[PDB]
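*Asks:* Quick one: the structure is below, questions incoming.
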Amino acid sequence: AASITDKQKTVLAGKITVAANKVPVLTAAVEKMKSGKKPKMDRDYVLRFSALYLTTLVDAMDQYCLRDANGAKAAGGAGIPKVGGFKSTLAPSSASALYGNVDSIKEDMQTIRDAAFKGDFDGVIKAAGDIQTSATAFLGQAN
Amino acid sequence: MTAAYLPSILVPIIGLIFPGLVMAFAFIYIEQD
Amino acid sequence: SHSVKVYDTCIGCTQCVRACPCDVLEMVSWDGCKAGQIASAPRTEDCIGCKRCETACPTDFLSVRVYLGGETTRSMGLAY
Amino acid sequence: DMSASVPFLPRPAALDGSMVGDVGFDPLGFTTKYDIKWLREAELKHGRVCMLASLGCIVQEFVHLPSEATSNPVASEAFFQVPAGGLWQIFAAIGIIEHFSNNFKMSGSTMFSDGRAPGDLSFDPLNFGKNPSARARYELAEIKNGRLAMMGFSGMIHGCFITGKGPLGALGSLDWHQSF
Amino acid sequence: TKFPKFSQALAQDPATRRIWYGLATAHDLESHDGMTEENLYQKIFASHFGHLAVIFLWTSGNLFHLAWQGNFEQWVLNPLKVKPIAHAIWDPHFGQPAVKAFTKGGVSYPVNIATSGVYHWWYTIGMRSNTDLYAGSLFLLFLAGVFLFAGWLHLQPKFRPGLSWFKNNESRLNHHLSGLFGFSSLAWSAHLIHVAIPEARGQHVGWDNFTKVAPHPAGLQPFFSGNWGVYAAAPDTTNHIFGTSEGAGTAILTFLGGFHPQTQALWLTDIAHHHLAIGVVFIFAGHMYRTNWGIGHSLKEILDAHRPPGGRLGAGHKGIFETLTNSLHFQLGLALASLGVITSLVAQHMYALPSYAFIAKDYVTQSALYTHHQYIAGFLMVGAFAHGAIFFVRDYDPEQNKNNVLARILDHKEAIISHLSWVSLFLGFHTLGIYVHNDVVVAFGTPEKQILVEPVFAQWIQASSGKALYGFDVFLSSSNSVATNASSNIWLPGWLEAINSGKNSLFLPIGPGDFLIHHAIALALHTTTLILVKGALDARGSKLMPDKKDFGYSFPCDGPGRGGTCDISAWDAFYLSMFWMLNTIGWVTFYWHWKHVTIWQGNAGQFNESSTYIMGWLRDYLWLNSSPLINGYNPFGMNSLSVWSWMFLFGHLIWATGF
Amino acid sequence: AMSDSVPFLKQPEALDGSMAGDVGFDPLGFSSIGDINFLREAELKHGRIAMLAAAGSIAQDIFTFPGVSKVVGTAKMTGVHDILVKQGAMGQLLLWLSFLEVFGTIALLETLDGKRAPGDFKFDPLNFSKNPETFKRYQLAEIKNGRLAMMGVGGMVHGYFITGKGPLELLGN
Amino acid sequence: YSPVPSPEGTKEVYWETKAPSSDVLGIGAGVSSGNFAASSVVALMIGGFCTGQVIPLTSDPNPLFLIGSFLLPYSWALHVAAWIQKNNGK
Amino acid sequence: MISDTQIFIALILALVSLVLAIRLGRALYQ
Ligand code: CLA
Ligand code: CLA
Ligand code: CLA
Ligand code: CLA
Ligand code: CLA
Ligand code: CLA
Ligand SMILES: CC1=C(C#C/C(C)=C/C=C/C(C)=C/C=C/C=C(C)/C=C/C=C(C)/C=C/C2=C(C)CCCC2(C)C)C(C)(C)C[C@H](O)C1
Ligand SMILES: CC1=CCCC(C)(C)[C@H]1/C=C/C(C)=C/C=C/C(C)=C/C=C/C=C(C)/C=C/C=C(C)/C=C/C1=C(C)CCCC1(C)C
Ligand SMILES: CCCCCCCCCCCCO[C@H]1O[C@H](CO)[C@@H](O[C@H]2O[C@H](CO)[C@@H](O)[C@H](O)[C@H]2O)[C@H](O)[C@H]1O
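Residue numbers (the numbering used here), protein chains in the order written: chain C, 5 to 147; chain D, 3 to 35; chain X, 23 to 102; chain V, -13 to 166; chain E, 6 to 664; chain Y, 1442 to 1614; chain Z, 9 to 98; chain B, 7 to 36.
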C-alpha cells in the first residue's frame, strides 16, 4: 500500500543508515591516528571520508526533507530536477521540521574541516560522534 | 564477503562440472557419424 | 586424396613413373614431345604425396605437380 | 501530385486516400520506411491512450475517489501519491488486454498475417458501427479526436509540470502580470 | 564423422588430424564449402557482434567482481597506501599458510592485488562507492545482451544486409568518423564536464541529480553567448586535494598543461577540452564523403585522381578502390597495422603522460600496463603483415592492378627485401660489435675504453620540448624563441614545470645505454619488417617455387626436391617472425622496466653505467631483481609472491616444451 | 555576349535571364560554383527575412507591444535580443522557425531535384497571382525589395551600432 | 567479385595528361584560372594577416581572425586549382 | 556494500545473456 514517494523515502533512509554506520570507521581511524608513536593527522583521509560519506549523508537527508515538506511534487510530480528556468513551485527543504539536524551536521563539517587543518584528533572524534547521534535522532524521529 | 557461500558453491561447479560436461558432449558431437 | 597434374612441358623421360612408390602415374601416348609419350595420373587415390615424382622430373620448373588435399587412409600411409 | 496539407511538397506515394483522415501529410517520409498498417495501428493506440488520459486528467482534477492518496488533483503528483501496487494492477490489466486484443500477435510482421484492418480490435458492444455512412464519419472523428487529444494531453501534462495546478486550474491561473 | 561440417575433405579424414584441423579452420570462413560473399559478410557481422558482447561481458565482470570482492570504498579514501584488490581467491588445494599469506588489502579472505589499474581509472572518472560499480556492471550486462540480440537479429531473414550495404565505403566512413569517433568523444567530454570533474571536486553527481547540478555556476549561457573563455576562468589550485572541495576550482575547460601536483596526472579539464575538440574535429572529418545529398567527396575519384604526372608511381592509385573494397584481408591488415601503431602510442604516452590519479606512484601497475599493451602492439603488427600476405595469396588480382602501386611493390620487391636485409645486417653487425666491445673492455678492467655515443638527436628533441638539462638552448628551452613567446600565455608554465621536474616519466634523461638500446630496437624492428615483408611479397611465388599461389597461404613444404623447401610458405614466414616479435617486445620491456626501476630506486646511475654492456643487463637487472621472485616459496616459508614464483617456473617449463 | 549590368564583363554562363531580376550581375562568378536554384533559395530567404526585419525595426520604432517596455527598458533594436534570451521569446521563436526550416529543408531537397520552382512555397491565401504578367511583376518586385531590404537592414543595424538611437530616431533630429 | 558500389554521379577522373580535367575540382569546375589565382593571393594575405594577429594567443582569441586563419591552408589548394584550370584552357 | 539480491539480479541478467549467446551461436551455426 506504500506509494512511490514512501519507497523513495525508505531508500533515502537506508542510505542515511548506511552512511551513519560508516562514520565509526572514520572514528576508529582517527583514534588509531591519535594512538600512534608519532601522532600525525592524515588530512587527506579525513577530507575524502567527509566528501564521500558525510556529503552523501547530507544529500540523502536533504532529499528526504524535501520529500517530507513538499510530498509527491518532490518525488517527481514537478517533473525532472531542474536548475534555472520557469519558477520553482516547490517549498524549500528548510520548511521541513526535520531540517534542524540537517542544520547542525553541515556546520559540524566546518569543525571537521577546521580540525583537518588543525590536527585536533579529539575534535574529529567528537564531531563524528555528533554526526552519529544527529543521524540516529533524525532516523528515529523520521520513522 | 557478502554471499560468501557463492565462491564455495560455484568454483567447484565451474571448474569440474562445466568442463566435464563440455568435454563429454563435445566428444559425443565430434565422434558421432 | 591428393591431386596430381601433368603439364604439356613433359618430355616423356619416364623418370616420374619409375620414381613413384605407389603406382600412381603411367606413360600414355602423346604427340607433344619428341619421345611421343606423356605422364598421366589415373590412380591418385593411392597417392601418398611423397613428391618423389616431382624430385625426379628434369624439366625446368616441374611438369608433374602434386597438390596435397583431403587426407585418407591410403594418402596418410597408415598401416592401421 | 502535390499534397493537400502541404502545397509545396509532393504527395507521398503510400498515402493514396483510401485511409480516412488522409490529407497527404507525410513530410518526413516515414511511410516509405515503415508499413502504413503498423503506423495506423500505432496512431490509433497512441490516440486512444491520449483520449483516455485527457478525459482522466480533466475528471480527476475536479472529482476523485475518497482517500488521502487519491485526493491530489494534479496528475503527475497523483501518479506518486497513490499506491504503487495499484500502478502494477493498471500495468497488468493493460498487459493482458494487449495480449488478448492483439490475438497474441505483437510483432510487426505477425499482426498483419491473417490480417485485421488497423485499429480494429473487434470491440463494438453497443454496435453503432453497423451503418457504413455513420462508420466512415465515426472513423474520421476518431482520428481527429485522437490527434487533438494527443496535443491536449501533452499540453496538460507539461502544464502540470510548470504550474502544478491541474488543467482547468492552470487555465484559470494564466498570470497576465509577470515581471520576467 | 561430421564435426567439420564446413569441410567435406576434413570430415572424411579417418585420423585425429580431423579434430585439430577442424579446430584450426573453424573461423576461416573464406575456405569453407560453398561460402558465398553475402553469407561471408553476414557471418562476419554477427561474429563481430559476438566479440563486442564478449568485451562488454568481460568489462562487466571486472566491474561486478570489484563491487563484490574489492576494496574500492577503502581505496578511494587512501589511494597511495591501500593495496588494490582485483578479485577473491577460493582454491581448495591451498594449505593454511597460503591462506594467511594472500590475506591482504584490509580484508579477511585471500585476495589478489590488482595490477590492471582499474582503480585509478574508475576513481578518476568519478566512481567513488561500490554501488555505481555494480550499476555499471549491470548496464554492461544489459548492453552485452542487447548486442547478442542484435547479432541474432541481423542474421534473421528480412534483416540480413546486402553486399552493397557492406561495401558502402562513404556511408560507413562518414557515420563511423562523425558518430563513432566524434560524438563518442563529445559524449565522453560531456561526462567529464558533467560528472567526473564535479566528483573530482568532492561534489556528488549521479543520475538522480545531474539535471539540477550545473557543471559551471554560469551555466550554458557563456557557451551560447560566445564568451567561452569564462569556462577557462578560476582553474584548480595547486593546493587541490583530489576528490575533495579543498582547493577546488570552478573551471570546466582549460589547457593548463603538465600534471596535477598531487595526483601526478593530467588535469581533468584538459581532458574534457581535449575530447570536446576531438569530437568537433572528427565530426568535421565525418561530413566529408558523399552519401545521399550530392555534397561530399567520392573515394574512387580521390584514389584515381592522385597519380603524379611525372610517372614515378606508374598509374598511381588506380584500381586500389576495388582491390580494397573487395578484399577483407587487405582491410584487416590496414586496420591491424593502424591499431598496433596506436596501442604502441598508448603504451608510450600513458607512462610519459598519465591521466589517472595516483597511478604514477603504482609502479607495478605502470609496468603491467606498458608490457601488456606493447605485447598487444607486437601481436597486432605481426597480424597486419600476416593478413597482408593472405591478401596477396587469396585476393590480389594483377589484371585489375596493371601498373598499380601494389604491382610496382611487386616489381621492386627484390630491392625492398635486399635493402631491408642490408639495413638489418648493418644494424646487427655494428650494434652487437659495440655491445661486445664494451663487454670485453669492461671485463679487462678498462671501462674508460668503452664506445659511448651520446644520443644528441633525441636530447636535442627533448630540449626542443623544453628540457633544460642538456643546455642546447633551442625552441622551448630558449626564452627568446618565437615558439616560446607564442606559447607563453597558454601552456608553457605547466609544461615547463612538468618537463623540468625529475619526479615523473616526462622525457626521462638518456645516455649511451639509451642510444644503444634504441638502435637495437631499430635492428629488431627492421629485421621483423624484413621477415614479414619478404613473406608477404614472396607469398605468390619465388625462384624456388613460382606457383606458390596455387598452393595457398599455408602448406608444409614442396618436398625435398630442388634442394629442399622447408618453411617456404608465408605462414612459415609468420612463424619465423613471431620469435623476432617476441624478441623485440622483450628488448623494449627489458629497457623500460630496468630504466624505471633504477629511477624509482633513486639509483639511475646504476642503469647509466651498466646498460652499455650485456653483463650489466644480465647481472644488475635479471639476476639482481630475481631475488624476491625466486624466494616466493623456499624451505623456510612462503609469502604472497609464491604464485608468481610458481608461474615463473611454469613459463620456464612451457617455453621449453615448445622447443 | 556581355553582361547588361557590367558592360565591360562577359555575361555569366549560368545566368539565363529567365529568373526575376536577372540582369546578368555576377562579376565574381558565384553562379558557376553553386546550383542556381540553391542560390535563388538563399537570396529569397535572406530577402524575406530582411523584409520582415526592416518592417520590424520601423514598427518597433513606431510603437511597442503591451508590457515590452518594462522587460526591455530603453534598449531598442538588437539590444533586446540578449535581454530576450534571458526571457523566453528568442527560444520560442527559434524553436518554431527551426520547425518551419526543417520543412524548408524538405522543400530545398525537392527544389534540388528539379521538381520545385525556386522560392515557391505556394503560399497565396489572398489570391494576387490571377494573371501570368502580374505574377512576373510581383516576382521582380519581390526580388528587388528583398535586395533593398538586405541593404536597408544592414544600414539600420549598423547605424544603430554607431549611434544607439535607431533608424527612425536618427531621422527625428 | 560482387559489384563495388559508388555514390551517384561518380565519373572516371584518371588522367595521364599534363593537368587533370576540371571535374576533379567538383563544384569549382567552372571557375576560371584567373579567379582561382586571385582568390589564392587574397586568401594567402588574409590568412597570413589573421595568423600573425593570433600568434600571441590569449585565453580570449578573436573569433574572426580564428576563422580567417583557415584561409591560409586554403590558398595552397587554390593555387593548385589555378594551375589545373590554366592548363585546361580555362 | 552489495547485498545478496543485487548479486541475484546480476546472475539473472547473466542467464539472460547466456540464453541470447546460445541463440546467437545457433544462428551462426545455421
Ligand atoms: C520533443 C518533444 C517534447 C518537447 C519539445 C518537450 C518540451 C518540454 N518538456 Mg517534455 N517530455 C516529452 C516530450 C517533449 N517535451 C516526453 C516524450 C516526455 C516523457 C514521457 C517528457 C517529459 C518531461 C518532464 C518529466 C519534464 C518535461 C519538461 C519540459 C519543458 C522543459 C524542457 C525539459 O526539461 O526537457 C524535457 C525533459 C524531458 C525528460 C524530455 C526528454 C525527452 C524528449 C523527447 C526530448 C525533448 C527535448 C526538447 C527539445 C526540449 C525543448 C526545450 C529546450 C528549448 C530547452 C518543455 C516545455 C520539464 C518541465 O515542464 O519543467 C517544468 C519536466 O519536468 N518533459
Ligand atoms: C505556407 C504554405 C501553405 C499553404 C498555402 C497551406 C494550405 C493548407 N494547409 Mg497546410 N501546411 C503547411 C503550409 C501550407 N499549408 C506547412 C508548412 C505545414 C507543416 C508541415 C502544413 C501542415 C498542414 C496540416 C497538418 C494540415 C494543413 C491543411 C491545409 C489546408 C487548410 C487551410 C488552412 O488554413 O490550413 C492551414 C493550417 C496550418 C496549420 C498551416 C499553417 C502554415 C501557414 C501559416 C500556411 C497558411 C495556410 C493558409 C492560411 C491557407 C491557404 C488557403 C488557400 C488554399 C487559398 C490548406 C490547403 C489541412 C488540410 O486541409 O489538410 C487535410 C491540414 O490538416 N496543412
Ligand atoms: C578448478 C577446478 C578444480 C577444483 C574445484 C578442484 C578441487 C579439489 N581438488 Mg583438484 N585438481 C584440478 C582442478 C580442480 N581441483 C586440476 C586441474 C588438477 C590436475 C593438476 C587437480 C589435481 C588434484 C589432485 C591430485 C588432488 C586434488 C584435490 C582436490 C580437493 C582438495 C582436497 C579436499 O579437501 O578434498 C577432499 C576430496 C573430496 C571431498 C573428494 C571430492 C569428490 C568429488 C566431489 C566427486 C565428484 C565427481 C564428479 C565431479 C561428478 C561429475 C562427473 C562429471 C564431471 C562427468 C578439491 C575438491 C585432492 C583431493 O582430495 O582429491 C582426492 C587431490 O589429491 N586435485
Ligand atoms: C553513427 C553511426 C554508427 C556508429 C556509432 C557505429 C558503430 C559501430 N559500427 Mg557501424 N555502421 C554504420 C554506422 C555506425 N556504426 C553505418 C551507417 C554502416 C553502414 C554503411 C555501418 C556498418 C558497419 C559494419 C559493416 C561494421 C560496423 C561495426 C561497428 C562497431 C565497431 C566495433 C566497435 O565497437 O569499435 C568501437 C570503436 C570506437 C569506440 C572508436 C574507435 C576507438 C579508437 C581505437 C580510439 C580510442 C582510443 C581511446 C583513447 C580509448 C579510450 C578507452 C579506454 C579508457 C579503455 C561500432 C559499434 C563493425 C562491428 O563490430 O559490427 C558489429 C562492423 O563489422 N559498422
Ligand atoms: C642470438 C640469436 C640470433 C642471432 C645473432 C641471429 C642473427 C641473424 N638472424 Mg636470426 N633468428 C634467431 C636467432 C638469432 N638470429 C631465432 C631464434 C629465430 C627464430 C627462428 C631467428 C629468425 C630469423 C629470421 C627469420 C631471419 C633472421 C635473420 C638474421 C640475420 C640478420 C639480423 C642481424 O642482426 O644481422 C646481423 C647479424 C648478426 C648479428 C649475426 C652475428 C654475426 C657475427 C657476430 C659475425 C662474426 C662471426 C665470427 C667472426 C665467426 C667466427 C667463428 C669461427 C672462429 C668458427 C642474422 C644472421 C634475417 C636475415 O637473414 O637477414 C638478412 C632473417 O630473415 N633470423
Ligand atoms: C563604368 C561602366 C559601366 C556602365 C556603363 C554600366 C551601365 C549600367 N549598369 Mg553597371 N556596374 C558597373 C559598371 C558599369 N555599369 C560596375 C563596375 C559594377 C560593379 C561590379 C556595376 C554594377 C551594376 C549593378 C549591380 C547594376 C548595374 C546596372 C546598370 C544599368 C543601369 C544604368 C544605371 O542605373 O546607371 C547608374 C549606375 C551607377 C550609378 C553605377 C555604375 C557607376 C558607373 C561608374 C557609371 C556608369 C553609369 C552609366 C553610364 C549610366 C548608363 C546611361 C543610361 C543607359 C542610363 C546600366 C546598363 C543595373 C542593371 O539594370 O543591371 C542589372 C544594376 O542593377 N550595374
Ligand atoms: C542580434 C544581435 C546581433 C546582430 C545582428 C544583426 C542584425 C546584424 C546584421 C547585419 C547585416 C544585415 C549586414 C548587412 C550588410 C550589408 C552590406 C555590407 C552591403 C554591402 C554592399 C556592397 C558591398 C555593394 C553594393 C553595391 C555598390 C554600392 C556598388 C557596386 C554594386 C553594388 C553591389 C550594388 C549581434 C551579434 C551584433 C549582437 C547583438 O547583441 C544581438
Ligand atoms: C605487407 C602487407 C601487404 C599488403 C597489405 C598491407 C596491409 C598494406 C601490408 C601490411 C603492411 C604494413 C604493416 C603497413 C603499415 C605500416 C607502418 C606501421 C606505417 C607507419 C607510419 C608512420 C607515419 C608515417 C608517421 C609518423 C608521423 C610523421 C608524419 C611526423 C612528423 C612530425 C609530426 C607531425 C609530429 C611531431 C613529430 C614530427 C617528426 C616532427
Ligand atoms: C540566427 C540564429 C542565431 C543563433 C540561434 C541559436 C543560438 C543558440 C541556441 C541555443 C538553444 C536555445 O537556447 C535557449 O534554451 C537554453 C536552454 O533552456 C537557454 O539556456 C539557459 O538554460 C540552460 C539550462 O538550464 C542554462 O544552462 C543556461 O545557462 C541558460 O542560459 C538559453 O538561454 C535559451 O536561449
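Backbone N, C-alpha and C define an ideal beta-carbon position, used for all residues, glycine too.
1. Buried or exposed: where does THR1604/Y fall if 16 or more other Cβ atoms within 10 Å of its Cβ makes it buried?
2. Mind pulling the chain V residues with CB within less than 7 angstroms of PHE1544/Y?
3. DSSP beta-bridge partners for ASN67/E?
4. Could you tell me the alpha carbon to alpha carbon distance between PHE449/E and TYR440/E, rounded to whole angstroms?
5. Can the beta-carbon of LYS553/E be found closer than 9 angstroms to that of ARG545/E?
6. Thinking just about the alpha-carbon of each residue, which of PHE229/E, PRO240/E and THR108/E is nearest to the one in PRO203/E?
7. From this set, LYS42/C, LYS36/C, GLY18/C and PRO85/C, which residue's C-alpha is nearest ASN214/E's C-alpha?
8. List in chain order the residues whose CB is within less than 5 angstroms of at least one heavy atom of ligand 4.
9. Return the CA-CA distance between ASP1457/Y and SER1446/Y, expressed in angstroms with no decimal places.
10. What residues in the stretch 17 to 29 of chain B bring their beta carbon closer than 8 angstroms to a beta carbon of chain E?
11. Could you check which residue in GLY1465/Y, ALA1590/Y and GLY1596/Y has the C-alpha nearest to that of residue 1642/Y?
12. Under 8 angstroms by Cβ, that's how I've got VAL1598/Y and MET1518/Y pegged, so tell me the actual separation to the nearest angstrom.
13. So, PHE335/E versus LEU308/E, is the Cβ gap smaller than 9 angstroms?
14. Per DSSP, which one or two residues make a beta bridge with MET(-12)/V?
15. At 7 angstroms on the CB atoms, spell out the chain E contacts of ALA55/C, in chain order.
16. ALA156/V to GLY150/V, Cα distance in whole Å?
17. Assign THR1575/Y to buried or exposed, taking buried as 16 or more other Cβ atoms, counted over all protein chains shown, within 10 Å of its Cβ.
18. If you follow the alpha helix (DSSP H) that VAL387/E is part of, which residue opens it and which one closes it?
19. Measure the beta-carbon distance from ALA237/E to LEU258/E and round it to whole angstroms, keeping in mind my assumption that it falls under 8 angstroms.
20. In terms of residue numbering, what span does the beta strand (DSSP E) encompassing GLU1610/Y cover?
21. If I follow the unbroken alpha helix (DSSP H) through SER1498/Y, where does it start and stop?
22. Using 9 angstroms as the threshold, is the C-beta distance between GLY92/X and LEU15/E below it?
23. Return helix, strand or coil for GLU453/E, following the three-state DSSP convention.
24. Under the rule that 16 or more other beta-carbon atoms within 10 Å means buried, what is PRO21/D, buried or exposed?
25. Would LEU654/E be called buried (16 or more neighbouring beta carbons within 10 Å of its own) or exposed?
26. Tell me which residue opens and which closes the beta strand (DSSP E) that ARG26/V is part of.
*Replies:* According to the structure shown:
1. exposed
2. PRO13
3. Beta-bridge pairing links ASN67/E to no other residue.
4. 14 angstroms
5. yes
6. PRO240/E
7. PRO85/C
8. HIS53/E, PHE54/E, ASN173/E, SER176/E, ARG177/E, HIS180/E, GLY184/E and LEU185/E
9. 14 angstroms
10. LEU19, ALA20, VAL22, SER23, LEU26, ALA27 and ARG29
11. Limits of chain Y in this structure are 1442 at one end and 1614 at the other, which puts residue 1642/Y out of reach.
12. 7 angstroms
13. no
14. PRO(-4)/V
15. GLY207, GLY248, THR249 and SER250
16. 8 angstroms
17. exposed
18. 368 to 399
19. 6 angstroms
20. Not the beta strand (DSSP E): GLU1610/Y falls in the alpha helix (DSSP H), residues 1608 to 1612.
21. 1477 to 1503
22. yes
23. helix
24. exposed
25. exposed
26. Premise fails: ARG26/V lies in the alpha helix (DSSP H), 22 to 48, not in any beta strand (DSSP E).
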